[PDB]
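If you want the building blocks of each chain, they are given just below.
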4 protein chains.
Amino acid sequence: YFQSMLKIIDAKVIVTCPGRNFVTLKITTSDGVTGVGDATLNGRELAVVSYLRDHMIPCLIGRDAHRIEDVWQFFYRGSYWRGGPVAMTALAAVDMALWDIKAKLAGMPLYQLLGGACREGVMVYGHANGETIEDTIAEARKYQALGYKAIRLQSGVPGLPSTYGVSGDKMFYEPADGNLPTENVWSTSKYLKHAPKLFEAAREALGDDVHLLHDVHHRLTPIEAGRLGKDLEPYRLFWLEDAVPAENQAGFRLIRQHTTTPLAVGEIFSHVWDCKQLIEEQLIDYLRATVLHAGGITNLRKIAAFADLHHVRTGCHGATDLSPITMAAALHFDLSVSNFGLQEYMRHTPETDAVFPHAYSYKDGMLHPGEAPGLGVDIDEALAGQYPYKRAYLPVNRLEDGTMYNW
Amino acid sequence: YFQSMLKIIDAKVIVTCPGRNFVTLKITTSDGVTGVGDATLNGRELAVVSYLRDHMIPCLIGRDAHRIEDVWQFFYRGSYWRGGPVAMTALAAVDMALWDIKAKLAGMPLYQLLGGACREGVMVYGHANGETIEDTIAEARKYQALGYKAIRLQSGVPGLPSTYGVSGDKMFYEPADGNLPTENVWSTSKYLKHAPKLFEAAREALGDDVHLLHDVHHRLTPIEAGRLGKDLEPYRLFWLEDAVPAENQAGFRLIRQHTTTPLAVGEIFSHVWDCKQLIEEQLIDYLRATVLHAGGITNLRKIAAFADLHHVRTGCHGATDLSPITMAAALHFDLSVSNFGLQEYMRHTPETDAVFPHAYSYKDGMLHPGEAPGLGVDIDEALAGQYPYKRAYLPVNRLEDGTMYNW
Amino acid sequence: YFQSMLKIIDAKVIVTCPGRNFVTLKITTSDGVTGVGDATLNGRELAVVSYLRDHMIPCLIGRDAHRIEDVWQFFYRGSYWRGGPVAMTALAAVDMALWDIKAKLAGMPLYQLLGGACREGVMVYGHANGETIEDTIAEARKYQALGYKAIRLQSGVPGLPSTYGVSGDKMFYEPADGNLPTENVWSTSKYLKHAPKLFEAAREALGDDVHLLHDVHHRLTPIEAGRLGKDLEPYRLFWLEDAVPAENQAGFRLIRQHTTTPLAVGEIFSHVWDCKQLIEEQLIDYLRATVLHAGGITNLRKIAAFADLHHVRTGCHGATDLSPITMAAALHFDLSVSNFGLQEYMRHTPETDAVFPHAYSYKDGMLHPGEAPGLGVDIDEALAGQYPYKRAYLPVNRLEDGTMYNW
Amino acid sequence: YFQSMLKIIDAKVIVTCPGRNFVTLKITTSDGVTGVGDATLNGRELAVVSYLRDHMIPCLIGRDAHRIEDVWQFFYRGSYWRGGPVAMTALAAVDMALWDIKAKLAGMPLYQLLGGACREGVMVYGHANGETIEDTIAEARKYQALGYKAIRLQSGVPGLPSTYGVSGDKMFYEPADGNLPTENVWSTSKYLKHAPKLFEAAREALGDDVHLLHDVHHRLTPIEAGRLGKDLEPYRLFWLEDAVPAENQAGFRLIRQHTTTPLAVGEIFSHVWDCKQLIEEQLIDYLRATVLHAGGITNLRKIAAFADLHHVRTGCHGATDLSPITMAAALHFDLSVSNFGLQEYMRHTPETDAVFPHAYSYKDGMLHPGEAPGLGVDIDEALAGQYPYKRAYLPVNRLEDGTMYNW
Ligand SMILES: [Cl-]
Ligand SMILES: [Cl-]
Ligand SMILES: [Cl-]
Ligand SMILES: [Cl-]
Ligand SMILES: [Cl-]
Ligand SMILES: [Cl-]
Ligand SMILES: [Cl-]
Ligand SMILES: [Cl-]
Ligand SMILES: [Cl-]
Ligand SMILES: [Cl-]
Ligand SMILES: [Mg+2]
Ligand SMILES: [Mg+2]
Ligand SMILES: [Mg+2]
Ligand SMILES: [Mg+2]
């Protein structure tokens, strides 16, 4: 035998909007084996397109496709300016595509390369939202009837025109809805009094077996989050998510000091450095970082092993802005990681599913990555060409006095 | 006078199964004085048999039997690969047997060498289990009627086919029941809601004088354990045991931060290094490490003196898989240690008692080691020969999704 | 496609002594694909044989061979008594054999599953020993002439009959040489004055390009190690190894405080818990834990990712008591791990190489795992049968006054 | 068999001055077996006499002599006002006498009850003092010629009439020489410049094999001690003792930060609380606390086990004001403790040896406790009656300006 080099002979970025924007990388190797990776960065999509097309891809051509770790370190260190959502999301696409290729050459679904199956499927949660508590609870009943064992509840705040998680969309939430960003208004005090009522009513209506989750969406200070967690303790939430802006990781110390409600954070994190203190101080229970926005399978696996030393479990973000390619990768990761916690699942539109055909599927409150070789996913480029990019921004949020705040 | 060397002239390992597996070491010295030690490691018994027969014993022959500490350091450091349950359990058998010999030469029950009696007897707890709370409480009444001042309560979790501590055995629990390991299924959420009801009903039925204990059996995360401890505070438990897997000792910081329910851990520990942080940070109230699995009388005494600097008391593990030889040693230790907390007591079968005749006995919620010279215990080798080894494993435990978990 | 279960249909333990004792596990799957793992625990070999044969293997038969992580967690948690050198070495054999199988099914050398190659080969060091400094330096010149870029130097201590690393063996050191353990005598003060002279002369003779290493072999206290490190600073050692017994991990704080000589430790570690504090406090530069004694490829990879957060690099132990099966596994690991530091290499005897035929090879100061599918190694069972087990112990070490000490 | 109570039927305190003051406790049990303990508190002797005669002894009469630990806790907790040199020295006499009795009943020298021998004898150091460096070195040569492997050096400080350790006594130092306390004058600056010259010359004259020690005698601040330790590093002292007054245990942090010279402290300590921080922070290498002044065999053993977790070794104080009864006890302790470091040995006068006949003896730089049953020591009461108490105080020390300072 000889070392086999499978050269990368081509790599391209495809942009499509089958209901929302998605950016995809497709790598082709010498013998025609291809791999794809998601590179979608909601609301800043084209920055990642240029990062890939104009800078990374020309360095990728002609490389040995087998050298996954080396390529990862090459782009991570070689950019000189290190990390960040654009670079790490661009790197995630490369990593996903190379692991797709690796598993195809091995003749196995990717999870078999990552340690094999640790569970029979991946528990998911869906998204119950409504303008009132009553509407939110009605939506949650539908998720129960659908076999979901875990449900995130989000309700409008009385006295506020809008809040995170509440829209006309039922089976998903699709926030990037402005040709310019939608402006929202916020009151912490109104929200803090209301949230516990939501869960009080929800437990009464829905019973104790179902797992209930809530996303604070970055809107509190640590002492307010400690209070909110404490008020929510009687309802035993599965997690309370993104309670406070987390750049200052020590901010979670006060929360942890004042409540036993479990804490989750990090859908926006792009590297281990965004959560190292959170994890090593046991300040959170679930890490929400994803293969898409934190640098691929390669990096998320490393982070998850670190998390497992500190009683932290995975709770990967799963909003519609992560394409089916991310979902495939995420599911191979979730099926094989020992310290799995929960997987978010917002349904994509039928058009998105058709552009990104995949083997994964839902059954009885669980997703499963399927048994096809590779990620078990691809892009239909002809169909993708029928849905041109359309600019869309995430909303922003301001205080009652106009102060710029967190959405 | 001259230094007297009492040479070890023989040492052998006897395996017997008078109801369950037991491994025993018997050392003979030049003048015929013998000592025995327990070497039983539930579910991995024969690994310790080989560790002793094939490696340790040949180094033991011809040594001065008086040099207890030196022999201890010889095997502990000399194995090169240090500690671990197999090695420390093997070393525990040696240490117990040498202390048996030492006390016999001194003409005294062992506790007289270890500082003398500090109490009139050793308070014990027994094991009330039942499929329902009602059955568990009925079992606890029987223990009260038997004079037990302390009782561990364990109840089935509704919606779960089985849980730790609950079986058809009443006066004891005998888990190693599989020719292969029994698989169990687990739900933390079902358990967390149920456990407090058990103790609410138990206090109402049983009154406030009796000490009530609970064994979580490794199944929670620190934040869940903090919650469970908090929910149990109104019932004033004597201890809440093995709340979380303890390899990461800092994990107990969150528990201690959120509850005043007293904490116990460590039946599986094999050395001081498994609990040094727990003790020095005052993260626990009772250490459950035993003479059998943490390296004998010599080492447990050292650990207990360290524990006494930090308000930690002994709460030695006492399941049926510790033979009467361990029980004898444990009782000499418990009677003489100043910072004694409680001793676990599961009754052995009549056949086990006959194979291991002993002076210790139960009366009015207490055990006492007896006044015979030595440990006050021996093995009847002829009777032991009538009960051949039979393979039996401890159960395992998995989450609802198949994830490998803690039993 | 369907989930493919490749059942384990057989597993056996083979013991052989082609120059020294080796224990091997061989797993056979339904279609005849086999994998092997090393289970050798120097000086306590047969304890691991029984741990595997009598307890683990019967649980292994009929399992899905693809489920590597699940099997790992099954044995690690399921033993109930957790970790320890016997259990983790037994588990390492299972893990190595399953990864061998996985890579064979994938049609790839194992390193391709673990991230691909990160380097063109694996830098090694050899072992220069001699009774005097002059003899040690003469031996080091031979290693230089052999293309070794890194060399460990160990010299006799004047006034002491023997010391670690110094024997009649030149291309390797084979300590387990007693039908009972050889007793050695030790003086720290003689050693502390002498070691720096060794390296002073060595730099003068050998130049500055070559990497020089030293193994303290557990013999100092932290303040003595700080002094020794300081005295060695002018000679810029690659690492100073096992300076102090490391059960108390905080012991390395004083060393780190007083010297910039790089530190390595952990050939004896069996799990991440033996080094978590060392790593997270940046108290060491190289972790010496191995796939053999710390629970296989699966676990060492996890530990290495943790190490990479803290500037720690791998420096895997490589003495002759790790069989060629471990070496193969270690090399696949070393080639693919990003934070590689150095690999120890003691040459095996020709008879050992013949019993364990392998693809890895040495060239110009580097080893390379080779490109065969799997680990690239196997056992020749017929030849192995010609070399029956022969009992052999590691030496022990005592102070000048007889006190039991560290070898 | 029945529990045997050996009642204490009498206990008395004998005061004698065979060269210096000694206080002794003698306990008699029902069958005539007796035990003795030292209660000497240099310079405050009669306070301990009254503490015993007037308060403790009447509570002792009629107690079970076998209950060593219980008696210890009885006096330690029961005094209400806890610890202190008077109470703990009084308690030490009781503990020594009870352990003497216990070993006599067992028919063994005491070390056999405390774990057996860990070494062939107990390394000691003697006391070289002189007015000049030259005289000090001349005295050290005599100790070498006597087979001492370790020697404390103390020299006069030029420009100062006197300093600690320097007197007309050669084989010992006998400071309590005032019918009122002798006043001394002190200059730290003169001392700091001089001490390193002493050891520079001493190494040159005496060679590198011999262990050299120095007693700072409480006279520096931490930053000065750090400097002195640093200046002494080239001469590799065995220890630097009592560098700073140690009530503030954190004071040793600065020393440890600035020097690798090993540190010893604690001849004056009366309980574990005087050194818990020193030990747990690894701020010292040798604990100097003794069986006499820190509460007997029972308590020193506990402290030594704690010390062994932190790389601390025993370095028991051994000045002439500890009677041969303490020396006997100390030697049984030193022979049997695993983490032994060194034992101080100042020779008693011939008259003292005759009043306190004993089995221990010196040979080749070592003491050995002997093989007689018990402590191997007694008091000759008739001879003791020939040497009436004579008041004698320890010296005091003041700064050049009159400021009260530390002797
Ligand atoms: Cl493109
Ligand atoms: Cl509402
Ligand atoms: Cl046997
Ligand atoms: Cl082990
Ligand atoms: Cl019930
Ligand atoms: Cl076999
Ligand atoms: Cl030499
Ligand atoms: Cl009197
Ligand atoms: Cl006092
Ligand atoms: Cl002078
Ligand atoms: Mg969110
Ligand atoms: Mg338990
Ligand atoms: Mg080594
Ligand atoms: Mg002194």
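Residues numbered from 1 in each chain as written, not as in the entry; some residues may be left out. Chains lettered and ligands numbered in written order. Part of a larger assembly, values for the part shown. Heavy atoms only, no water. Residues with missing side-chain atoms left out of burial classes, pairs and counts.

Considering the packing of aromatic side chains
- Enumeration according to the criterion identifies 60 aromatic pairs over all chains in this entry.
- Ring centres 5.1 Å apart and planes at 20° place the aromatic pair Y148(A) and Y362(A) in the stacked group. Of this pair, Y148(A) sits in the loop between α4 (133-145) and β5 (150-155) while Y362(A) sits in strand β13 (residues 361-363); the two residues are 214 residues apart in sequence, bridging distant segments of the chain. For the pair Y148(A) and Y362(A), a shared accessibility class is recorded, and that class is buried.
- The interplanar angle of 90° and the centroid separation of 5.7 Å between the aromatic rings of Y164(C) and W407(C) together place this pair among those described as edge-to-face. Residue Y164(C) is found in the loop between β5 (150-155) and β6 (183-186), and its partner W407(C) is found in the segment after β15 (396-399); the two are separated by 243 residues along the sequence. As far as burial versus exposure is concerned, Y164(C) and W407(C) are alike and both buried.
- The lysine or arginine in question, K302(A), covers the ring of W72(A), its NZ or CZ lying 5.2 Å from the ring centre.
- Positioned above the aromatic ring of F74(D), the side-chain terminus of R63(D) is 3.7 Å from the ring centre. (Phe/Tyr/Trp six-rings, centres within 6.5 Å; stacked < 30°, edge-to-face > 60°. Helix = DSSP H or I, 4+ residues; strand = E, 2+ residues; numbered from the N terminus. Buried < 20%, exposed > 50% of the residue type's maximum accessible area, 1.4 Å probe, protein only. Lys NZ or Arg CZ within 6 Å of the ring centre and 35° of its normal.)

A few points about the coordination of the magnesium ion (ligand 11)
Residue and element names in this part refer to chain A.
- At the metal site, the magnesium ion (ligand 11) is ligated by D215 (OD), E241 (OE) and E267 (OE), and these contacts range over 2.1 Å.
- One chain supplies every donor to the magnesium ion (ligand 11), and in sequence these donors are spaced D-x25-E-x25-E. Note that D215 is positioned in strand β7 (residues 211-215) and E267 in the loop between β9 (263-265) and α8 (276-280), a separation of 52 residues in sequence. Residues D215 and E267 agree in their burial class; the two are buried. (Donors = N, O, S within 2.8 Å, 3.2 Å for Na, K, Ca; no water.)

Quick notes on the sheet that holds strand β1 (residues 8-16) of chain A
Residue and element names in this part refer to chain A.
- Read from one edge of the open sheet, three strands run β1-β2-β3, paired in antiparallel fashion. If you trace the sheet from one side to the other, it starts and ends with β1 and β3 (34-38), each paired once. Strand after strand, the sheet turns through a mean of 20° between neighbouring axes, direction not considered.
- With five bridges joining them, strand β2 (residues 22-29) and β3 adopt antiparallel strand pairing. Opposite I27, over in β3, you have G35 as the bridge partner.
- Across the sheet, helix α3 (residues 85-106) lies against β1, β2 and β3, angled at about 145° from β3, the strand it touches most. (Pairing = 2+ DSSP bridges. Axes fitted to C-alpha atoms, helices over the stretch in contact; angles between N-to-C directions. Contact = heavy atoms within 4.5 Å.)

Regarding the relation of the copies chain C and chain B
- Rotating chain C by 180° and translating it 0.0 Å along the rotation axis places it on chain B, where the RMSD comes to 0.0 Å. Classification of the inter-copy transformation places it as that of a two-fold axis. Among all residues of chain C, the one whose C-alpha sits closest to the rotation axis is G84(C), at a distance of 1.9 Å.
- Comparing interface residues between copies, 100% of those in chain C also lie at the interface in chain B; the contact surface is shared. (Least-squares fit on C-alpha atoms.)

So, the interface of chain D and chain B
- The interface of chain D with chain B comprises 38 residues on the first partner and 38 residues on the second.
- When contributions to the side of chain D that touches chain B are tallied by element, the ones reaching two or more residues are α2 (68-78), α3 (85-106) and α9 (296-307) of chain D.
- Considering every element that reaches the side of chain D that touches chain B, the biggest residue donor is α2(D), with five residues.
- Residues of the side of chain D that touches chain B, tallied by class, amount to 18 nonpolar, 10 polar and 10 charged. (Nonpolar A, V, L, I, M, F, W, Y, C, P; charged D, E, K, R; others polar.)

What to know about the interface of chain C and chain B
- On the side of chain B, 56 residues touch chain C, which itself brings 56 residues to the contact.
- Carbon and sulfur atoms make up 61% of the surface buried where chain C meets chain B, a total of about 4,700 Å² over both sides.
- Linking chain C with chain B are 30 residue pairs in polar contact.
- Every element with two or more residues in the side of chain C that touches chain B is listed here: α1 (45-60), α2 (68-78), α3 (85-106) and β15 of chain C.
- Counting residues per element, the side of chain C that touches chain B draws most heavily on α1(C), which supplies nine residues. (Buried area = accessible area lost by both parts, 1.4 Å probe. Polar contact = N/O pair within 3.5 Å; in protein donor to acceptor, adjacent residues only side chain to side chain.)

Quick word on the pattern of salt bridges
- Under the criterion given, the structure shown has 84 salt bridges over all chains.
- For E45(A), the salt bridge identified is with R20(A), shortest N-O distance 3.1 Å. Linking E45(A) in helix α1 (residues 45-60) with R20(A) in the loop between β1 and β2, this pair joins segments that are 25 residues apart in sequence.
- Residue classification places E45(A) among the buried positions, given a relative accessible area of 2%.
- Of the charged contacts, one joins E241(B) and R288(B) as a salt bridge, the two residues approaching to 3.0 Å between their closest N and O atoms. Separated by 47 residues along the polypeptide, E241(B) in strand β8 (residues 239-241) and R288(B) in the loop between β10 (286-287) and α9 (296-307) bring together distant segments of the chain. In this structure, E241(B) and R288(B) share a single accessibility class: buried.
- Residues joined by salt bridges that share partners form a network here, namely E241(A), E267(A), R288(A) and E344(A). (Salt bridge = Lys/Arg side-chain N within 4 Å of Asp/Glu carboxyl O.)

A closer look at the packing of α2(C) against helix α9 (residues 296-307) of chain C
Residue and element names in this part refer to chain C.
- Between α2 and α9, whose axes approach to 9 Å, the crossing angle comes to 90°. One finds that α2 runs roughly perpendicular with respect to α9. Contacts between α2 and α9 involve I68, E69, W72 and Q73 from the first element and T298, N299 and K302 from the second.
- For the contact of α2 with α9, the per-class residue count stands at two nonpolar, three polar and two charged. (Parallel < 35°, antiparallel > 145°, perpendicular 65-115°, else oblique.)

Thoughts on the relation of the copies chain D and chain B
- At an RMSD of 0.0 Å, chain D and chain B line up after a rotation of 180° and a shift of 0.0 Å along the axis.
- A high fraction, 100%, of the interface residues of chain D reappear at the interface in chain B, so the copies pair face to face through one surface.

Observations regarding the side chain of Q343(D)
Residue and element names in this part refer to chain D.
- Turning to its location among the elements, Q343 is positioned in strand β12 (residues 343-344).
- Of the polar contacts made by the side chain of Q343, one reaches the side chain of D334; its length is 2.5 Å.
- Aside from chain neighbours lying at most four places away, what touches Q343 is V122, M123, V124, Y125, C316, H317, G318, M327, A330, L331 and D334.

A look at the environment of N339(C)
All names here are of chain C.
- Position of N339 relative to the elements: it lies in the loop between α10 (324-336) and β12 (343-344).
- For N339, a relative accessible area of 7% puts it in the buried group.
- In sequence terms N339 and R313 are 26 residues apart; their C-alpha atoms lie 4.9 Å from each other.
- With residues near it in sequence (within four places) discarded, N339 still touches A304, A307, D308, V312, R313 and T314.
- At 3.0 Å, the side chain of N339 and the backbone oxygen of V312 are in polar contact.

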